[PDB]
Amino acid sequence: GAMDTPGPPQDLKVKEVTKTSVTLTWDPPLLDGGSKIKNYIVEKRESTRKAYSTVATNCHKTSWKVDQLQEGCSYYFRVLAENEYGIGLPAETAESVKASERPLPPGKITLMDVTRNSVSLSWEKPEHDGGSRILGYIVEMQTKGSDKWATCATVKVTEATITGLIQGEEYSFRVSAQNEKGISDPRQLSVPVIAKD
């Protein structure tokens, strides 16, 4: 049949993303051009650059982890199959991917006020945002006796007052930071709080 370089890799996608790396996965071309695919070539393009940079020339599996990326920058990726006639058609990712990840947790939670029906909390911003700006915080509460944590506030500022508490009941609180990539581990307030006064 046809004698040619190979068709494009199929279903190229980004499997995982961190502030320093992206893992790619794909499937073999539907057409090899009549000669065995010897290897794949993997390339990256920081989105402001006109030229790709080659990351691997002898990739022998349908996956590759591209590392040493620059935090906060966005990238396109390209994979080509190669046979004895040379380099095949490119598969390129449809959208750019930003090298960033979910943030670190907020700083230590500080208990600011307690009354018979409320608790006020304050915290510092995360030590690092993972490369994507903090969008806000999720406060969760646990009531004595419960096997669950429940969201009790979603705020953009670094403080929250939780109202509607029962006098004499004991509550625990934790806070997580969120950005466009995900949500940090929660940081729990160091001690439970009895609603009183």
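Each residue number is its position in the shown sequence, starting from 1.
Higher mean CA temperature factor, per the PDB entry, when comparing 12 to 20 with 178 to 186: 12 to 20.
Of the two segments, 134 to 142 and 29 to 37, the one listed with the higher mean B-factor is 29 to 37 (C-alpha atoms only). Within the group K156, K148, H128, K44, the record's highest C-alpha temperature factor is found at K148.
Per the deposited record, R116 carries the highest C-alpha B-factor of all listed residues (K98, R102, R116, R78). In the deposited entry, the Cα temperature factor of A94 places it in the highest third of its chain's modelled residues.
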